[PDB]
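Okay, so we've got a single protein chain in two different forms coming up as structure tokens, structure 1 first and structure 2 after it.
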Structure 1
């Protein structure tokens, strides 16, 4: 039930909870903190999966002030000679990696955004973890 605090910028405040039964712990750092006006930094994660990251992918359920956007399927790892090194990770392998990110070009309303990020992987593919991100946005 505990809410975990990722970070605060000048545009937003990001936090998350779990939306799955088993609540396996994750380490999530964002440097510098995300700015919805456009930013680019490093996302450091530390995890020890309970399944193989083989063919990972997130199902995203975004919400804008009560409004619902269609589901989004974002694929990380297609399955053969993948871009990221953590795709090769096995069931009990330690995953200490740093992923770089960047974005720009979209204006967002002011308000409360919530994004359910259901991760899925494995050959028969079953859920890896579910997290619900709460990100507050104050423009200008």
Structure 2
């Protein structure tokens, strides 16, 4: 069977999809409202996820590619110490995550072509992979 492609949304200037990278684990549902514009936009990210492991200490390595040019790794801590953490950080393996998160994307000026971001999600520390997603963000060809 062919590899499954997942579509998230189209905005006026972008088209967002992803596939599962690395080992296939539990599925995840992602929705963005309104759809992100490469130019910059804000909104709401909805995640529905039954995690493979506890979300505590959750973090992302980000490998971003900009028209075939790879950028140095980025690491983003999501679930830290004490409160102010998202309520999903206290989720344990098998416990439904069904939440909404605010986001503000600053934008890429003079955007064009195609961008990729691989999200390597690690958690449970003891650290194990949680999931790996490879997002492809196409610039709409009929828009600046």
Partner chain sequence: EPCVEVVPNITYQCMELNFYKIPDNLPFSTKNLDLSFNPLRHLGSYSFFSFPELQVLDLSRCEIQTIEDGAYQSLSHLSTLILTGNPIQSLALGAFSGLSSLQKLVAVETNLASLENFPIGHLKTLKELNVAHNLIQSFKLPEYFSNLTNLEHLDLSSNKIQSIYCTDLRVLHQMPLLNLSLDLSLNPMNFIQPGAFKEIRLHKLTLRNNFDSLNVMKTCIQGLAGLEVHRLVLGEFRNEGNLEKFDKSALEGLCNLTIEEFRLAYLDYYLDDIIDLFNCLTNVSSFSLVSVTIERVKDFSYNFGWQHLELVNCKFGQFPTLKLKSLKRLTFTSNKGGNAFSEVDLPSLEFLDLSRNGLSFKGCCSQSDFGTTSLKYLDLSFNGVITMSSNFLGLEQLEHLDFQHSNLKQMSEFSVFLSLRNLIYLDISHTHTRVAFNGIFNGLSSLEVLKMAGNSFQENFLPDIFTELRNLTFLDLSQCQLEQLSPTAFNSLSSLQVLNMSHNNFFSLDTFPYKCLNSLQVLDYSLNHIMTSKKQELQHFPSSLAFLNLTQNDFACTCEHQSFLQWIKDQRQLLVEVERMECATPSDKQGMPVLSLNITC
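Rigid core here is just the name for the largest C-alpha set that superposes within 1.5 Å across the two forms. Positions refer to the first chain, counted from 1.
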field: Assignment: the form deposited with the partner chain bound
entry: 1
Sole residue of 92, 79, 41, 111 shifting 2 angstroms or more in CA between structure 1 and structure 2, core aligned: 79
statement: After superposing on the rigid core, the Cα of residue 21 moves between structure 1 and structure 2 by an amount in angstrom of 1.6
task: Quick one: how many Å does the C-alpha of residue 123 shift between structure 1 and structure 2 once the rigid core is superposed?
output: 2.1
